[PDB]
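A short write-up of the structure that comes next.
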Amino acid sequence: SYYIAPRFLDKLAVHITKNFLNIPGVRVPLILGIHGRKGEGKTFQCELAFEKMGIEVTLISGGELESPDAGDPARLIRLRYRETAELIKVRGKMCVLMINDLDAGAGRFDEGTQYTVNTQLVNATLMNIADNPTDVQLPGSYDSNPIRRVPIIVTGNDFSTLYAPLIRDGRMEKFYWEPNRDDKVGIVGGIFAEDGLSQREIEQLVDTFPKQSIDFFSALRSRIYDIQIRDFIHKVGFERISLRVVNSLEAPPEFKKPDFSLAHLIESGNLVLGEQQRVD
Amino acid sequence: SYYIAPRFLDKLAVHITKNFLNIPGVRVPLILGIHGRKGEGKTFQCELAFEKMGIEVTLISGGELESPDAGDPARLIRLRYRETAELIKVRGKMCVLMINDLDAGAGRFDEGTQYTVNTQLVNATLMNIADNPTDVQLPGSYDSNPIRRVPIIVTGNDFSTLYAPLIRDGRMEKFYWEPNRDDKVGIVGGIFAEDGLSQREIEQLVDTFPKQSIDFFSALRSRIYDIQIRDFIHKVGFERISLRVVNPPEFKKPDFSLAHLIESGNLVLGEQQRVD
Amino acid sequence: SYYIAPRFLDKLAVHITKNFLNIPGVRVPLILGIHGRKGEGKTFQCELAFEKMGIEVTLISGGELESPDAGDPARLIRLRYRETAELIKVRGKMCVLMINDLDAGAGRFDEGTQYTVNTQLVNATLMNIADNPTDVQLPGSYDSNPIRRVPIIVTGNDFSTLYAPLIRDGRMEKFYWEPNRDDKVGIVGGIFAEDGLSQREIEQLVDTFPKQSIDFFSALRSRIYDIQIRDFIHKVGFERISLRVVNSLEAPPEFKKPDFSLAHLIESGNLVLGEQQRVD
Amino acid sequence: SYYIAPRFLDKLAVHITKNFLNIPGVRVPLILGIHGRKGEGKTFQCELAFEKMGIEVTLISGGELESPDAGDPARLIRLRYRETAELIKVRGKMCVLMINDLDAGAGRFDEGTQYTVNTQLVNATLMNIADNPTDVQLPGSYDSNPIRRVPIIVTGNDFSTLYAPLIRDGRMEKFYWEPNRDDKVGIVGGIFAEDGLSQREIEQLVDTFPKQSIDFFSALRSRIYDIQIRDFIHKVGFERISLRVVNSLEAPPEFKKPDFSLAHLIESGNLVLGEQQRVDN
Amino acid sequence: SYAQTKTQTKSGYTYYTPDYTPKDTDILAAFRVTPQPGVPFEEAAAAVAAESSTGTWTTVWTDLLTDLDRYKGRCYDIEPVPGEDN
Ligand SMILES: Nc1ncnc2c1ncn2[C@@H]1O[C@H](COP(=O)(O)OP(=O)(O)OP(O)(O)=S)[C@@H](O)[C@H]1O
Ligand SMILES: Nc1ncnc2c1ncn2[C@@H]1O[C@H](COP(=O)(O)OP(=O)(O)OP(O)(O)=S)[C@@H](O)[C@H]1O
Ligand SMILES: Nc1ncnc2c1ncn2[C@@H]1O[C@H](COP(=O)(O)OP(=O)(O)OP(O)(O)=S)[C@@H](O)[C@H]1O
Ligand SMILES: Nc1ncnc2c1ncn2[C@@H]1O[C@H](COP(=O)(O)OP(=O)(O)O)[C@@H](O)[C@H]1O
Ligand SMILES: [Mg+2]
Ligand SMILES: [Mg+2]
């Protein structure tokens, strides 16, 4: 029931549609890349959009091709591209392959500041697919028969300089997604829709923290049981909190549905602000 | 379908061929340098030219010539040169190294900026390759075994802000690219060749917007097409957009009219002025 | 049929011979450093001189004297000196080490540029080699066993931006190159020797463009051959020009000698000046 | 026939002798450091003195104090010390380790330049050796065994740019070198001793070029031999000059002593000056 | 921009090879190869050396119980045919 921003949906629609469409005289970028701040919800929006459209999605982890002890990215991206192409025929629906954190989540500090051998391989593989999308080749069992072209989505914080050729060529399209007031109200409104908050209340939350990530507001819901747990500990007592809960056959702890008010959310908001401030 | 300017193609062809021919008694420059205004189609027209002749290209991006490691941009040039020399030996065809946008890496604008060793080294390396194309060393043990001579194409915005010995007649052949009216007519006429416009109509479009780059006209076409595709998605609906695409009915062809191509172009200039 | 300038040939000849000869009570500099202006023919007249005498050259690039590894350019010079020393013992002829363009290697442009430690070491390595030409230690275990003395030739635009102890009478023989009118006449005459011009006509070419480097006149000849080459590409066809030139079972094409007259040369010369002014 | 300055010869002898001798109570510095301006004869006079006394030297270059592996130049200082300590035991003569030009290896020019961890460690490594010369441990198995004491001689241009605890009275004996008029006359006299010039003539040559290094005068002698060598190259021919010198199968050629006059020397001196000035501007 | 030089510590731990030199006890073979359009020269040569020897692109549990470099044919030289395309 989560809200999707109209702009985000439009950018996905046009890219997927145009690639699948067969209009002569027209050139289309195969790869689309989205860069934004962390916890903006780029991954979350992509997954939602595909469900509404009903189009099949193949997901490849950023850490799956960044790790030295994983395999071969060059052999992997090719294999995933072929498999996605098979879905269109069998499934009879549009199929898209997307990558998350191409230059991130590896564990390395640089985050694309310094290139790696593995970084070079992805660039090489992607460039080959973008030039010749219709024909993609594995090491063995070369097939003469062409494959249906498949659109690619990529999300990150920023794009490396190695990709600059593709963008100048116009083979890659870069979309910068930043939330607005209207977008915030939608997303915040969707999260707390089940709780039941007035329109005026939702506006106040966004106004309290004008410059905040989308992830923060979602994280606020989690710290509602804290008061109950803290109070519960006292009745049981510190001496034997562990034993009863960890490995004892008794009735499981029961918590009444937390009351939802704006005051509680502001108090919780301040605490997370303070902690983030001190850490950075 | 894309029109290459005859001036541009002849400058490239004669440069590469003369490097590969061994005419006795003549010394030839190993670097051809193309410079001008931004967005005039320096890179794009090379790619058309290299496809025509069917010759392999080794690219180095301009945003790669300045790294947090000392000597790392210099080491890459030598590494990529040796890779291209072998491709001439193996594939048995003409191969070219193209370094695009050199102005950003090896350039030296104001004195208010802080530069490093790399600026010094990138200029130094390109000088020595141009002097000894047959003798380029890989780090380690010295080998006196000659390699194949490879020509270099260099794109920039300005060469005034570059080390003086790297720009001399004997080391670099200079080419200033400024598209004229006849060039513009050809190129614009190549973009809209598929749509179906008369010669006279193409002339008028250039006259309407004379202070524009080649990119502007190609960007104008995309804007005309995007409106049409957006409306098609709305009419069909998001729920069943996949059913009527995989297996395009009720899709009005784009406007593409001289009268409108002026109207739309004026709107783009108004948007540009808004930021300005 | 290239003219080598007597001064340039004498200065280089005596420097190499005097190292290989042993005269008691005479101490001789190891390094010869040639400096001047761009395109006067420092590197080029050296190459003609080494070929006339028939002596082996080991080349070090100036843009190789800085690496991401610390002390690796310091290791390089010490290795290449030993390698050249072995070629004297084996082949039994004179051998020379040449570092072309030292200015941009171990030099400091301004007092605002951030430098590393490699610059500091490269200066010091050459200092010690010039002091002790006989004892150069390969890293690891020590060995007190002499090697042959090898001379070093150094090219530069400017030596003013270089470590001061490295430039001194006892360590480096300095030589400043600037060709005169008689040199110019001789060299330019050497270029157009096969063409066939009168002495008066050669004089006139120098007079028309007096403030020009040697490279300028050589660049004239390149431009003259363009018409023939352009015609050849059309006749063969743009589609298959690579095949004919690089990999063909036919005899390489022959170009008839174009008309060489003073009037035509001046016309082409003014065209090159116009191209230079365009950038200026 | 070369003249070593008595100040320089005394300061070297006393330092090397005192290390090998064992006087109870008297603490002696291990490292000797010689510094000053360029071309004054720091390096060259050391090599002469070692030849006169007939003692074995071990050279370490300044440019060998940095390597791509961390703490590896630290190991080289230790290994070269242990080796030289072995030569005393085997041969039975005095041996000396010399690190020529220390400034350019472990010296910090400014705060602009980025240095490495190796510059830190190298200064530290020498500090331990100067404290405990008997106990030098190569990385691996620890062995409680004494080794012989080896003095260290150090050349440099500027000691200011160097870790301060390494430069103290207790840890290093400092000797600044700058030759006077008498020293100049003595040295320049020794260079032209075979040539045959009067005392007054030698005085004049020092007076003509007073603000000059010792290397300047030695450079004069090379310039005079040019004419004879040039003529030899022509007679042989350029085509076969390489196979007439390198592969000496017959007998190397001989040259007669050129005319040496004060007038000719001054002319030569001005010509060297002219080349120096050309670079400056 | 700020560039630095470094020293480092180390933790520590397949068919086309032009560096290899043929042995005196080896069987050598010359092929005149013509690939399909859109296939590289070095890729085509590596495919011939693999398919004429052992094949085995994917490693199985049985393959790890033996040496892989011991029983393997390799391409060491590529030479173009004069006056011919691909
Ligand atoms: N000849 C052409 N035919 C069709 N479109 C062209 C043509 N030339 C340029 N374009 C379009 O306009 C853009 C031209 O810019 P580039 O190819 O990046 O060259 P450039 O911008 O002049 O080089 P720089 O930025 O000065 S280093 C291309 O991306 C094309 O979309
Ligand atoms: N003696 C000569 N005879 C014929 N051509 C010469 C002669 N000397 C120089 N040239 C030409 O002029 C060019 C001179 O280039 P260089 O040897 O690099 O001069 P340079 O002074 O070393 O240049 P810098 O300082 O390294 S930029 C050569 O490419 C030759 O074509
Ligand atoms: N005492 C001397 N007697 C005769 N010739 C000398 C004497 N001292 C120096 N020379 C000459 O002048 C040159 C001076 O060189 P150095 O001894 O290296 O000067 P320097 O001050 O040690 O240089 P540094 O410290 O390494 S920059 C020697 O190579 C000799 O040719
Ligand atoms: N439209 C949305 N509705 C609800 N939650 C959202 C929405 N967009 C993002 N989120 C939240 O964002 C988090 C995941 O962020 P992610 O999609 O990985 O962002 P990014 O890729 O920009 O780092 C989850 O906690 C998810 O609930
Ligand atoms: Mg040169
Ligand atoms: Mg010295």
Checklist entry - Any idea how far the Cα center of the range C:133-190 sits from the one of the range B:174-243, in Å? => result 60
Next on the checklist: Once you compute Rg and the Kirkwood Rh from C-alpha atoms, what is the Rg to Rh ratio for the range D:1-179?
Outcome noted: 0.95
Checklist entry - So, counting K/R as plus one and D/E as minus one, what does the shell of residues with Cβ under 10 Å around B:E173 add up to? => result +3
Item to check | Point-charge dipole on Cβ atoms (K/R +1, D/E -1) for chain E, about Cα centre, debye to 20 | outcome: 480
Next on the checklist: Compute the helix-to-body angle for D:214-224: its Cα long axis versus the longest principal axis of chain D, expressed 0 to 90° and rounded to tens.
Outcome noted: 40
Item to check | Helical contribution to [θ] at 222 nm, DSSP H n ≥ 4, -39,500 (n - 2.57), averaged over chain E, rounded to 500 | outcome: -4000 deg cm²/dmol
Checklist entry - So which chymotrypsin sites (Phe, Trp or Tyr not before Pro) in the range A:89-183 end up in coil per DSSP with only 16 or fewer other C-beta atoms within 10 Å? => result A:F109, A:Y142
Checklist entry - Taking the Cα centre of the protein assembly as shown as the origin, how large is its charge dipole in debye, to the nearest 20, when only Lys and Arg (+1) and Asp and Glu (-1) carry charge on their Cβ atoms? => result 1220
Checklist entry - Which of C:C46, C:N118, C:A164 sits closest to the plus end of the dipole of the range C:1-179, meaning its Cα is farthest towards the positive end, when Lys and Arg get +1 and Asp and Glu get -1 on the C-beta? => result C:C46
Next on the checklist: I'd like the distance separating the alpha-carbon centroids of the range A:22-100 and the range A:262-280, in whole Å.
Outcome noted: 36
Checklist entry - Can you pull out the GluC sites (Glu not before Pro) in the range A:168-207 that DSSP calls coil and that have at most 12 other Cβ atoms within 10 Å? => result A:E194
Checklist entry - If you take the square roots of the eigenvalues of the alpha-carbon gyration tensor of the range B:35-133 and sort them as a ≥ b ≥ c, do you get rounded (a/c under 1.5), prolate (a/b over b/c) or oblate? => result oblate
Checklist entry - How large is the dipole of the range B:180-276 about the Cα centre if only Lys and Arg carry +1 and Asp and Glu carry -1, each at its Cβ, rounded to the nearest 20 debye? => result 320
Item to check | the range C:192-280: trypsin sites (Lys or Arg not before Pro) in DSSP coil with no more than 15 other Cβ atoms inside 10 Å | outcome: C:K211, C:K256
Item to check | For chain A, built as a Gaussian network whose Cα springs stay under 10 Å, the top-fluctuating residue of A:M94, A:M53, A:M172 | outcome: A:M53
Next on the checklist: As I understand it, the dipole of the protein assembly as shown uses +1 on the Cβ of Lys and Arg and -1 on the Cβ of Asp and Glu, about the Cα centre. Which of B:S242, C:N100, A:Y2 lies farthest toward its positive end?
Outcome noted: C:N100
Checklist outcome for this item: Given Cβ charges of +1 for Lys and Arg and -1 for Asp and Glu, the option among E:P80, D:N19, A:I34 whose Cα lies farthest towards the positive end of the dipole of the protein assembly as shown is D:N19
Checklist entry - How are the C-alpha pair distances of the protein assembly as shown spread across 20 Å bins, as whole percents from the shortest bin up? => result 8, 29, 32, 21, 8, 1
Item to check | Long-range tail of P(r) for the range D:197-271 (Cα pairs > 16 Å, %) | outcome: 61
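FYI, it's all coordinate maths here, none of it is from the lab. Note that we place each Cβ from the backbone using ideal geometry, even for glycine, and neighbour counts take in every protein chain shown.
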